[PDB]
$ cat query_34.txt   # compact mmCIF, C-alpha atoms
# COMPACT_ATOMS: atom_id res chain seq x y z
CA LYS A 4 -11.13 3.60 -7.88
CA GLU A 5 -9.20 1.52 -5.33
CA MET A 6 -9.72 2.47 -1.68
CA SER A 7 -6.54 3.43 0.20
CA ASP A 8 -4.35 1.97 -2.57
CA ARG A 9 -2.50 4.78 -4.37
CA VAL A 10 0.61 5.41 -6.49
CA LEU A 11 2.52 8.54 -5.46
CA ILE A 12 4.48 9.29 -8.63
CA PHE A 13 6.56 12.15 -7.24
CA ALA A 14 7.88 14.35 -10.03
CA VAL A 15 11.06 15.17 -8.12
CA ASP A 16 11.94 18.48 -9.77
CA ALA A 17 15.68 18.69 -9.12
CA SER A 18 16.54 22.25 -10.15
CA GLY A 19 20.27 22.88 -9.83
CA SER A 20 19.44 26.48 -8.97
CA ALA A 21 17.75 25.42 -5.72
CA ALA A 22 19.29 26.75 -2.50
CA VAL A 23 20.28 23.41 -0.92
CA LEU A 26 17.97 20.54 -1.90
CA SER A 27 18.64 18.87 1.47
CA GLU A 28 15.47 20.39 2.97
CA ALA A 29 13.32 18.98 0.15
CA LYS A 30 14.92 15.55 0.54
CA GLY A 31 14.16 15.71 4.26
CA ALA A 32 10.50 16.38 3.47
CA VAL A 33 10.46 13.26 1.29
CA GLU A 34 11.89 11.27 4.21
CA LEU A 35 8.93 12.48 6.29
CA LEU A 36 6.42 11.61 3.56
CA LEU A 37 6.93 7.85 3.98
CA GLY A 38 6.50 8.31 7.72
CA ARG A 39 2.91 9.48 7.29
CA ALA A 40 1.96 7.85 3.99
CA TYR A 41 1.30 4.18 4.72
CA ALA A 42 3.70 2.74 2.13
CA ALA A 43 3.79 -0.80 0.65
CA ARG A 44 0.39 -0.40 -1.02
CA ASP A 45 1.57 2.87 -2.56
CA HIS A 46 4.34 2.85 -5.15
CA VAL A 47 6.43 5.99 -4.70
CA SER A 48 8.05 6.50 -8.10
CA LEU A 49 11.00 8.86 -7.79
CA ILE A 50 10.60 10.73 -11.07
CA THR A 51 13.65 12.97 -10.73
CA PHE A 52 13.34 15.48 -13.57
CA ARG A 53 14.58 18.95 -14.63
CA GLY A 54 17.73 17.48 -16.14
CA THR A 55 17.78 13.83 -15.12
CA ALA A 56 15.04 11.50 -16.40
CA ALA A 57 13.42 9.62 -13.49
CA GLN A 58 15.08 7.08 -11.18
CA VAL A 59 13.07 4.60 -9.09
CA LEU A 60 10.13 2.84 -10.74
CA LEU A 61 6.85 1.65 -9.22
CA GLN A 62 7.82 -1.99 -8.62
CA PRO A 63 11.52 -1.80 -7.49
CA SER A 64 10.45 -0.39 -4.11
CA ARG A 65 10.33 -3.77 -2.35
CA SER A 66 11.10 -2.68 1.21
CA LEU A 67 10.47 0.62 3.02
CA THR A 68 13.95 0.72 4.57
CA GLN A 69 15.47 0.45 1.09
CA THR A 70 13.06 3.02 -0.35
CA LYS A 71 14.40 5.53 2.18
CA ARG A 72 17.99 4.81 1.12
CA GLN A 73 16.94 5.81 -2.40
CA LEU A 74 15.35 9.09 -1.23
CA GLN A 75 18.56 10.04 0.56
CA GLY A 76 20.75 8.87 -2.31
CA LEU A 77 18.77 10.89 -4.87
CA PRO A 78 21.09 13.43 -6.59
CA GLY A 79 20.12 16.78 -8.10
CA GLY A 80 20.69 18.58 -11.37
CA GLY A 81 18.65 20.37 -13.99
CA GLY A 82 17.24 23.64 -15.28
CA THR A 83 14.81 23.34 -18.19
CA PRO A 84 11.18 22.83 -17.01
CA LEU A 85 9.48 20.45 -19.46
CA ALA A 86 5.96 20.90 -18.07
CA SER A 87 3.96 18.89 -20.62
CA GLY A 88 6.98 16.65 -21.16
CA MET A 89 6.59 15.45 -17.58
CA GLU A 90 3.05 14.18 -18.17
CA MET A 91 4.20 12.00 -21.08
CA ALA A 92 7.17 10.65 -19.11
CA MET A 93 4.87 10.13 -16.12
CA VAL A 94 1.37 8.83 -16.96
CA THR A 95 2.34 6.81 -20.05
CA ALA A 96 5.17 4.91 -18.36
CA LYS A 97 3.41 4.70 -14.98
CA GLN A 98 -0.02 3.23 -15.76
CA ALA A 99 1.55 0.14 -17.35
CA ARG A 100 0.25 -3.36 -16.59
CA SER A 101 3.52 -4.22 -14.83
CA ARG A 102 2.46 -2.05 -11.86
CA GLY A 103 -1.07 -0.73 -12.42
CA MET A 104 -3.06 0.53 -9.43
CA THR A 105 -4.65 3.94 -8.86
CA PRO A 106 -2.01 6.59 -9.72
CA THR A 107 -1.41 9.84 -7.84
CA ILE A 108 0.36 12.45 -9.98
CA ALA A 109 2.52 14.79 -7.90
CA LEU A 110 4.05 17.76 -9.73
CA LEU A 111 6.88 19.01 -7.51
CA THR A 112 7.88 21.36 -10.35
CA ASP A 113 9.73 24.55 -9.38
CA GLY A 114 8.62 27.74 -11.10
CA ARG A 115 6.89 27.91 -14.47
CA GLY A 116 7.04 25.43 -17.32
CA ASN A 117 8.36 26.39 -20.75
CA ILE A 118 6.56 23.79 -22.86
CA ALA A 119 2.82 24.50 -22.77
CA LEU A 120 0.54 21.91 -21.14
CA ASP A 121 -2.78 22.36 -22.98
CA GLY A 122 -3.29 18.90 -24.48
CA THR A 123 -1.97 17.22 -21.34
CA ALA A 124 -4.92 18.61 -19.36
CA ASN A 125 -7.36 16.60 -21.47
CA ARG A 126 -5.14 13.54 -21.01
CA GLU A 127 -4.85 13.96 -17.22
CA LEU A 128 -8.31 12.41 -16.76
CA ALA A 129 -6.77 9.04 -17.68
CA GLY A 130 -4.76 8.88 -14.46
CA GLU A 131 -6.29 11.67 -12.37
CA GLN A 132 -5.08 13.23 -9.11
CA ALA A 133 -2.63 15.70 -10.66
CA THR A 134 -1.49 17.51 -7.50
CA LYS A 135 0.48 20.74 -7.93
CA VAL A 136 3.18 21.62 -5.43
CA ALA A 137 3.63 25.36 -6.00
CA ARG A 138 7.40 25.43 -5.61
CA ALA A 139 8.78 28.96 -5.68
CA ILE A 140 12.32 28.05 -4.67
CA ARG A 141 14.10 30.13 -7.31
CA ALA A 142 11.16 32.55 -7.22
CA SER A 143 11.95 33.40 -3.59
CA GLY A 144 14.34 36.03 -4.94
CA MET A 145 11.81 37.92 -7.09
CA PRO A 146 8.05 38.65 -7.26
CA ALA A 147 6.78 35.50 -8.99
CA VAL A 148 3.22 36.63 -9.82
CA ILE A 149 3.18 35.22 -13.37
CA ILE A 150 4.77 32.04 -12.02
CA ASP A 151 1.88 31.54 -9.59
CA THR A 152 -0.53 32.04 -12.50
CA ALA A 153 1.33 29.34 -14.44
CA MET A 154 1.20 26.96 -11.46
CA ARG A 155 -2.54 27.30 -10.79
CA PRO A 156 -3.94 25.85 -14.07
CA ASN A 157 -2.32 22.44 -13.50
CA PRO A 158 -4.65 20.27 -11.36
CA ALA A 159 -7.94 18.93 -12.71
CA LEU A 160 -11.22 19.06 -10.75
CA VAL A 161 -10.76 20.81 -7.39
CA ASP A 162 -7.43 22.63 -7.79
CA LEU A 163 -7.27 24.26 -4.33
CA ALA A 164 -7.13 20.91 -2.51
CA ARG A 165 -4.04 20.00 -4.54
CA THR A 166 -2.22 23.33 -4.84
CA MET A 167 0.25 22.75 -2.00
CA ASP A 168 2.53 25.76 -1.53
CA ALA A 169 6.31 25.41 -1.35
CA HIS A 170 7.85 28.89 -1.52
CA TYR A 171 11.00 28.12 0.47
CA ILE A 172 12.53 24.62 0.49
CA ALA A 173 12.06 24.49 4.28
CA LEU A 174 8.26 24.70 4.01
CA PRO A 175 7.57 21.31 2.30
CA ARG A 176 8.38 19.53 5.58
CA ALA A 177 5.07 20.72 7.07
CA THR A 178 2.98 20.37 3.91
CA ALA A 179 4.34 16.84 3.43
CA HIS A 180 2.07 15.57 6.21
CA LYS A 181 -1.03 17.36 4.91
CA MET A 182 -0.39 15.89 1.46
CA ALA A 183 -0.57 12.29 2.69
CA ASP A 184 -3.59 12.85 4.94
CA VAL A 185 -5.64 14.56 2.21
CA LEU A 186 -4.61 12.22 -0.63
CA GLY A 187 -5.58 9.22 1.47
CA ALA A 188 -9.15 10.50 1.78
CA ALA A 189 -9.28 11.24 -1.96
CA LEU A 190 -12.76 9.85 -2.62
CA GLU A 191 -13.84 11.11 -6.05
CA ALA A 192 -13.73 8.45 -8.76
CA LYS B 4 11.37 -23.23 -0.17
CA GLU B 5 11.45 -21.32 -3.47
CA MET B 6 11.16 -17.54 -3.81
CA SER B 7 8.34 -15.46 -5.31
CA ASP B 8 5.72 -18.22 -5.40
CA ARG B 9 3.58 -18.03 -2.26
CA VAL B 10 0.19 -19.33 -1.11
CA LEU B 11 -1.20 -16.62 1.15
CA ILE B 12 -4.22 -18.48 2.52
CA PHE B 13 -6.05 -15.72 4.40
CA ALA B 14 -8.68 -16.91 6.87
CA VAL B 15 -11.06 -14.02 6.18
CA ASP B 16 -12.94 -14.10 9.48
CA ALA B 17 -16.33 -12.50 8.86
CA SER B 18 -17.73 -12.37 12.40
CA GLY B 19 -20.50 -9.86 13.04
CA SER B 20 -18.36 -8.76 15.98
CA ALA B 21 -16.02 -7.12 13.48
CA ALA B 22 -17.96 -3.90 12.90
CA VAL B 23 -17.67 -3.00 9.20
CA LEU B 26 -15.88 -5.97 7.61
CA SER B 27 -14.81 -3.57 4.84
CA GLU B 28 -11.48 -3.01 6.60
CA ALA B 29 -10.65 -6.73 6.54
CA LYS B 30 -11.45 -6.80 2.82
CA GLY B 31 -9.41 -3.66 2.21
CA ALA B 32 -6.46 -5.13 4.08
CA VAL B 33 -6.14 -7.72 1.31
CA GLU B 34 -6.33 -4.98 -1.34
CA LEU B 35 -3.28 -3.28 0.19
CA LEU B 36 -1.37 -6.56 0.46
CA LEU B 37 -2.04 -7.37 -3.20
CA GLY B 38 -0.47 -4.09 -4.27
CA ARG B 39 2.74 -5.29 -2.64
CA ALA B 40 2.45 -8.99 -3.52
CA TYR B 41 3.63 -10.61 -6.75
CA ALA B 42 0.47 -11.13 -8.82
CA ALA B 43 0.09 -14.33 -10.88
CA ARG B 44 2.72 -16.07 -8.74
CA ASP B 45 1.23 -15.43 -5.30
CA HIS B 46 -2.40 -16.36 -4.67
CA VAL B 47 -4.33 -14.95 -1.71
CA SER B 48 -7.07 -17.43 -0.83
CA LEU B 49 -10.20 -15.76 0.52
CA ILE B 50 -11.05 -18.33 3.18
CA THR B 51 -14.18 -16.62 4.46
CA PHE B 52 -14.89 -19.06 7.28
CA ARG B 53 -16.78 -18.35 10.52
CA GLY B 54 -20.27 -18.69 9.06
CA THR B 55 -19.74 -19.20 5.34
CA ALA B 56 -17.57 -22.02 3.97
CA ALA B 57 -14.75 -20.06 2.30
CA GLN B 58 -14.95 -18.45 -1.15
CA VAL B 59 -12.03 -17.83 -3.53
CA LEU B 60 -9.41 -20.56 -3.86
CA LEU B 61 -5.75 -20.32 -4.92
CA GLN B 62 -6.03 -21.75 -8.44
CA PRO B 63 -9.06 -19.70 -9.70
CA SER B 64 -7.78 -16.15 -9.21
CA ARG B 65 -4.83 -15.42 -11.49
CA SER B 66 -4.24 -11.70 -12.04
CA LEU B 67 -4.70 -8.71 -9.73
CA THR B 68 -7.59 -7.53 -11.91
CA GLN B 69 -9.44 -10.66 -10.78
CA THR B 70 -8.56 -10.84 -7.08
CA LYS B 71 -9.39 -7.23 -6.15
CA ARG B 72 -12.98 -7.23 -7.43
CA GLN B 73 -13.58 -10.51 -5.58
CA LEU B 74 -12.33 -9.04 -2.29
CA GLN B 75 -14.84 -6.22 -2.58
CA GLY B 76 -17.62 -8.58 -3.64
CA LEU B 77 -17.06 -10.84 -0.62
CA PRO B 78 -20.16 -11.03 1.66
CA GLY B 79 -20.11 -11.53 5.43
CA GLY B 80 -21.41 -13.81 8.16
CA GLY B 81 -20.06 -15.45 11.30
CA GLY B 82 -20.22 -15.63 15.07
CA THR B 83 -19.39 -18.89 16.85
CA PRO B 84 -15.71 -18.96 18.00
CA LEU B 85 -14.46 -21.83 15.83
CA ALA B 86 -11.05 -20.26 15.15
CA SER B 87 -9.32 -23.64 15.49
CA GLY B 88 -11.54 -25.21 12.83
CA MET B 89 -9.73 -23.14 10.20
CA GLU B 90 -6.87 -25.66 10.19
CA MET B 91 -8.69 -28.40 8.26
CA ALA B 92 -10.11 -25.81 5.85
CA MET B 93 -6.59 -24.45 5.32
CA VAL B 94 -3.80 -27.01 5.86
CA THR B 95 -5.94 -29.77 4.34
CA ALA B 96 -8.37 -28.28 1.80
CA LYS B 97 -6.07 -25.52 0.52
CA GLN B 98 -2.58 -26.95 -0.05
CA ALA B 99 -4.00 -29.97 -1.89
CA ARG B 100 -2.37 -31.57 -4.95
CA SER B 101 -4.74 -29.51 -7.11
CA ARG B 102 -2.47 -26.49 -6.55
CA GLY B 103 0.12 -27.03 -3.82
CA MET B 104 3.00 -24.53 -4.01
CA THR B 105 4.75 -22.74 -1.11
CA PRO B 106 1.99 -22.27 1.54
CA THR B 107 1.58 -19.46 4.10
CA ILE B 108 -1.17 -19.62 6.75
CA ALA B 109 -2.78 -16.30 7.69
CA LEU B 110 -5.29 -16.40 10.55
CA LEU B 111 -7.41 -13.23 10.51
CA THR B 112 -9.59 -14.79 13.24
CA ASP B 113 -11.60 -12.42 15.45
CA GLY B 114 -11.72 -13.30 19.14
CA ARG B 115 -10.95 -16.64 20.76
CA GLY B 116 -11.87 -20.19 19.81
CA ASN B 117 -13.83 -22.46 22.15
CA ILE B 118 -12.46 -25.60 20.50
CA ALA B 119 -8.96 -26.25 21.88
CA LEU B 120 -6.07 -25.77 19.45
CA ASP B 121 -3.54 -28.36 20.67
CA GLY B 122 -3.67 -30.81 17.76
CA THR B 123 -4.11 -28.08 15.16
CA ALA B 124 -1.16 -26.13 16.58
CA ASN B 125 1.10 -29.17 16.23
CA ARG B 126 -0.17 -29.77 12.69
CA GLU B 127 0.89 -26.23 11.69
CA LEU B 128 4.23 -27.64 10.52
CA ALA B 129 2.41 -29.22 7.56
CA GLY B 130 1.80 -25.79 6.04
CA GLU B 131 4.17 -23.54 7.98
CA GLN B 132 4.14 -19.77 8.52
CA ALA B 133 0.94 -19.38 10.53
CA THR B 134 0.76 -15.58 10.85
CA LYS B 135 -1.71 -14.73 13.61
CA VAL B 136 -3.77 -11.55 13.47
CA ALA B 137 -5.04 -10.78 16.97
CA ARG B 138 -8.44 -9.33 16.07
CA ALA B 139 -10.75 -8.40 18.95
CA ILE B 140 -13.27 -5.88 17.62
CA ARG B 141 -15.96 -7.18 19.98
CA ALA B 142 -13.46 -6.60 22.80
CA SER B 143 -12.61 -3.05 21.69
CA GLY B 144 -14.87 -1.84 24.49
CA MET B 145 -13.46 -3.99 27.30
CA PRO B 146 -10.08 -5.33 28.53
CA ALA B 147 -9.79 -8.56 26.54
CA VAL B 148 -6.74 -9.97 28.37
CA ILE B 149 -7.84 -13.62 28.17
CA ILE B 150 -8.44 -13.22 24.43
CA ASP B 151 -4.92 -11.81 23.99
CA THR B 152 -3.55 -14.83 25.84
CA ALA B 153 -5.50 -17.20 23.59
CA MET B 154 -4.41 -15.38 20.43
CA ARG B 155 -0.66 -15.30 21.15
CA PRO B 156 0.19 -19.06 21.23
CA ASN B 157 -0.96 -19.70 17.65
CA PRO B 158 2.03 -19.46 15.25
CA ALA B 159 5.03 -21.80 15.06
CA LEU B 160 8.58 -20.99 16.19
CA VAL B 161 8.93 -17.26 16.94
CA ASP B 162 5.42 -15.96 17.63
CA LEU B 163 6.39 -12.27 17.77
CA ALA B 164 7.29 -12.02 14.07
CA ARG B 165 3.81 -13.30 13.19
CA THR B 166 1.55 -12.15 16.02
CA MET B 167 0.23 -8.99 14.37
CA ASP B 168 -2.33 -7.33 16.63
CA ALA B 169 -5.67 -6.00 15.41
CA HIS B 170 -7.60 -5.05 18.56
CA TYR B 171 -9.36 -2.43 16.42
CA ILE B 172 -10.08 -2.22 12.67
CA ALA B 173 -7.88 0.89 12.43
CA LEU B 174 -4.79 -1.29 12.94
CA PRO B 175 -5.10 -3.75 9.98
CA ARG B 176 -4.77 -1.04 7.31
CA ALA B 177 -1.54 0.12 8.96
CA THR B 178 -0.09 -3.26 9.99
CA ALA B 179 -0.63 -4.49 6.42
CA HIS B 180 2.49 -2.54 5.45
CA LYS B 181 4.67 -4.39 7.95
CA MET B 182 3.16 -7.75 7.00
CA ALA B 183 3.61 -7.18 3.26
CA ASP B 184 7.24 -6.00 3.30
CA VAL B 185 8.26 -8.79 5.70
CA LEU B 186 6.43 -11.55 3.81
CA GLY B 187 8.22 -10.43 0.66
CA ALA B 188 11.43 -11.84 2.13
CA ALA B 189 9.93 -14.69 4.17
CA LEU B 190 12.68 -17.31 4.01
CA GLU B 191 13.18 -19.91 6.75
CA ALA B 192 12.46 -23.33 5.26
$ encode --input "query_34.txt" --output "structure tokens"
Amino acid sequence: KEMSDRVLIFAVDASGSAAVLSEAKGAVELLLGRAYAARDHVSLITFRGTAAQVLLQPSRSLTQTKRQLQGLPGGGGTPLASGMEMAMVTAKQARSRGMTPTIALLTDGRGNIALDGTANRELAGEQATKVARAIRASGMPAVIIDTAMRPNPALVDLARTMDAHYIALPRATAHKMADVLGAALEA
Amino acid sequence: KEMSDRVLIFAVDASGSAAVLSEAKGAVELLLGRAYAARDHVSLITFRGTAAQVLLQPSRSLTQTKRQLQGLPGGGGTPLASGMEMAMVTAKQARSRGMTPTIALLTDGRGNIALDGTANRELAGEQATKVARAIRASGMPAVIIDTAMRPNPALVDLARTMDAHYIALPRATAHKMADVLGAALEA
């Protein structure tokens, strides 16, 4: 697909049970510092309760994009795993934006609605990265949660399974995400 | 001038000095992802050896432009940077298309033919963004080249004199160029 050009559709999982989302928001602020924006279309898909926010095209200027990241609220609980895919891919790969998408599941914990069919559909957009958020899980042995997080990415899961146990961790992984995703030379 | 509609006439300098012209081609890819397809038209003025390629009128949608950028060949050497004027200000913004022009000089190195007249004629097209490429000079203190590259744009050089002493810069600078051009309003 397109070289360098990407579309970071961040599934901003805003769980209300998260111990201070400020840290996560800070990580997002750092993302744009490493990820050479403009070409990329960071879609702020705030979900868990809310249904998305910033679309692919609206992000006209970097400075304004940052204002959005900071302004992003938080609230939710029910993890619609497969539901995300539909709300993501379908409404993201539209002609009024296009470009090579980059699915980023920032989902916290497991998902209640089974994925299954979505896996077969992933191939349409590709690059389904899985940020193993264990925010709420930090208070109890996840185990099963981890097992539910693993079978999310397509080909080459390991290179997309970015850990995020505590909200403070994402700040470091944020960099690695951009660097790796940039060199994503597969199809 | 009016908003949205722009004529990004990019002087795609294809000098052999620019090791791996791919970066120059990719720079346009990035810009397109930020530009307003259909309205804006990036002219692939591959001049330095070849006599240009893609004009403003032909390419309509992003799906057309991108593939052409990649398909673009390469060839050039003689420092005829100044010669671009006629090929741009005259041959591009002709009655067969017109629309709000924007001169983008991606010229590599200096130009033996004095600017003078061309520089004064800039006002006919306006917005002569200068990209200070110097790949051949990446291994030695250019200095003189830098001094010949600076006095190229119209009023306020700084906001148009985007450096490119090495191919690694263009892919990054493209972000600054894109976002700024999106709100380019002076006359």
$ closest_atom_pairs --input "query_34.txt" --of "chain A" --to "chain B" --cutoff "6 Å" --atoms "only C-alpha atoms" --output "tab-separated table"
residue	atom	partner	partner_atom	distance
A:43	CA	B:180	CA	5.3
A:44	CA	B:35	CA	4.8
A:66	CA	B:184	CA	5.5
$ residues_around --input "query_34.txt" --residues "residue A:78" --least-positions-apart "4" --cutoff "12 Å" --atoms "all atoms listed in the file" --output "CSV table (one decimal) with C-alpha atoms, in the coordinates of the input"
chain,number,residue,atom,x,y,z
A,15,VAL,CA,11.1,15.2,-8.1
A,16,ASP,CA,11.9,18.5,-9.8
A,17,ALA,CA,15.7,18.7,-9.1
A,18,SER,CA,16.5,22.2,-10.2
A,19,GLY,CA,20.3,22.9,-9.8
A,23,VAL,CA,20.3,23.4,-0.9
A,26,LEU,CA,18.0,20.5,-1.9
A,27,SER,CA,18.6,18.9,1.5
A,29,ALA,CA,13.3,19.0,0.2
A,30,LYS,CA,14.9,15.6,0.5
A,49,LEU,CA,11.0,8.9,-7.8
A,50,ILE,CA,10.6,10.7,-11.1
A,51,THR,CA,13.6,13.0,-10.7
A,52,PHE,CA,13.3,15.5,-13.6
A,53,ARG,CA,14.6,19.0,-14.6
A,54,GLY,CA,17.7,17.5,-16.1
A,55,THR,CA,17.8,13.8,-15.1
A,56,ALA,CA,15.0,11.5,-16.4
A,57,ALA,CA,13.4,9.6,-13.5
A,58,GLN,CA,15.1,7.1,-11.2
A,72,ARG,CA,18.0,4.8,1.1
A,73,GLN,CA,16.9,5.8,-2.4
A,74,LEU,CA,15.4,9.1,-1.2
$ closest_residue --input "query_34.txt" --among "A:186, A:163, A:10, A:89" --to "residue A:64" --atoms "all atoms listed in the file"
A:10
$ atom_distance --input "query_34.txt" --atom1 "atom CA of residue A:136" --atom2 "atom CA of residue A:158"
9.9 Å
$ residues_near_point --input "query_34.txt" --point "(3.7, -23.2, -8.0)" --cutoff "9 Å" --atoms "all atoms listed in the file" --output "mmCIF file with C-alpha atoms, in the coordinates of the input"
data_model
loop_
_atom_site.group_PDB
_atom_site.id
_atom_site.type_symbol
_atom_site.label_atom_id
_atom_site.label_comp_id
_atom_site.auth_asym_id
_atom_site.auth_seq_id
_atom_site.Cartn_x
_atom_site.Cartn_y
_atom_site.Cartn_z
ATOM 1 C CA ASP B 8 5.720 -18.220 -5.400
ATOM 2 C CA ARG B 9 3.580 -18.030 -2.260
ATOM 3 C CA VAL B 10 0.190 -19.330 -1.110
ATOM 4 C CA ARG B 44 2.720 -16.070 -8.740
ATOM 5 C CA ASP B 45 1.230 -15.430 -5.300
ATOM 6 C CA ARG B 102 -2.470 -26.490 -6.550
ATOM 7 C CA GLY B 103 0.120 -27.030 -3.820
ATOM 8 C CA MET B 104 3.000 -24.530 -4.010
ATOM 9 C CA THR B 105 4.750 -22.740 -1.110
#
$ residues_around --input "query_34.txt" --residues "stretch 117-122 of chain A" --least-positions-apart "6" --cutoff "6 Å" --atoms "only C-alpha atoms" --output "MDAnalysis selection string"
chainID A and resid 84:87
$ atom_distance --input "query_34.txt" --atom1 "atom CA of residue B:70" --atom2 "atom CA of residue B:135"
22.1 Å
$ atom_distance --input "query_34.txt" --atom1 "atom CA of residue A:48" --atom2 "atom CA of residue A:81"
18.4 Å
$ residues_around --input "query_34.txt" --residues "residue A:159" --least-positions-apart "6" --cutoff "9 Å" --atoms "only C-alpha atoms" --output "ChimeraX atom specification"
/A:124,127-128,131-134
$ residues_near_point --input "query_34.txt" --point "(-8.3, -16.1, 20.2)" --cutoff "7 Å" --atoms "only C-alpha atoms" --output "ChimeraX atom specification"
/B:113-116,150-151,153-154
$ decode --input "query_34.txt" --residues "stretch 49-108 of chain B" --atoms "C-alpha atoms" --output "short mmCIF file (atom, residue, chain, number, x, y, z; two decimals), in the first residue's frame"
data_model
loop_
_atom_site.label_atom_id
_atom_site.label_comp_id
_atom_site.auth_asym_id
_atom_site.auth_seq_id
_atom_site.Cartn_x
_atom_site.Cartn_y
_atom_site.Cartn_z
CA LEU B 49 4.49 17.11 -11.54
CA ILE B 50 6.89 19.47 -13.29
CA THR B 51 9.74 16.99 -13.66
CA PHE B 52 12.24 19.42 -15.19
CA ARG B 53 16.04 19.22 -15.02
CA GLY B 54 16.46 16.70 -17.83
CA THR B 55 12.93 15.73 -18.82
CA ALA B 56 10.34 18.32 -19.89
CA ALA B 57 7.75 18.00 -17.11
CA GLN B 58 5.06 15.29 -16.92
CA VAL B 59 1.65 15.61 -15.24
CA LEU B 60 -0.25 18.87 -15.70
CA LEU B 61 -2.93 20.46 -13.50
CA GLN B 62 -6.00 19.71 -15.64
CA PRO B 63 -5.36 15.96 -16.34
CA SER B 64 -5.14 14.58 -12.80
CA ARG B 65 -8.48 14.90 -10.99
CA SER B 66 -8.79 12.53 -8.03
CA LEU B 67 -6.22 11.28 -5.52
CA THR B 68 -6.55 7.79 -7.01
CA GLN B 69 -5.03 9.24 -10.19
CA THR B 70 -2.29 11.51 -8.83
CA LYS B 71 -0.65 9.01 -6.45
CA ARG B 72 0.01 6.28 -9.02
CA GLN B 73 1.51 8.90 -11.34
CA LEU B 74 3.91 10.13 -8.64
CA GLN B 75 5.22 6.59 -8.21
CA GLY B 76 5.39 6.03 -11.96
CA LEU B 77 7.46 9.19 -12.51
CA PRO B 78 10.93 8.43 -14.00
CA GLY B 79 14.10 10.44 -13.38
CA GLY B 80 16.82 12.36 -15.17
CA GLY B 81 18.67 15.63 -14.74
CA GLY B 82 21.98 17.31 -14.00
CA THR B 83 22.72 20.76 -15.43
CA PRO B 84 21.90 23.54 -12.89
CA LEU B 85 19.07 25.25 -14.78
CA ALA B 86 17.00 25.98 -11.66
CA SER B 87 16.03 29.42 -12.99
CA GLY B 88 14.65 27.95 -16.21
CA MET B 89 11.73 26.53 -14.22
CA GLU B 90 10.02 29.94 -14.29
CA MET B 91 8.93 29.81 -17.94
CA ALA B 92 7.85 26.18 -17.54
CA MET B 93 5.82 27.18 -14.46
CA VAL B 94 4.61 30.80 -14.47
CA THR B 95 4.02 30.68 -18.22
CA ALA B 96 3.20 27.11 -19.30
CA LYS B 97 1.30 26.10 -16.15
CA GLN B 98 -1.08 28.91 -15.16
CA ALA B 99 -2.33 29.27 -18.75
CA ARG B 100 -5.96 29.98 -19.68
CA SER B 101 -6.42 26.23 -20.21
CA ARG B 102 -6.69 25.84 -16.42
CA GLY B 103 -5.67 28.96 -14.49
CA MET B 104 -6.95 28.96 -10.90
CA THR B 105 -5.09 30.09 -7.74
CA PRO B 106 -1.39 29.27 -8.45
CA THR B 107 1.35 28.27 -5.99
CA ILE B 108 4.96 27.87 -7.15
#
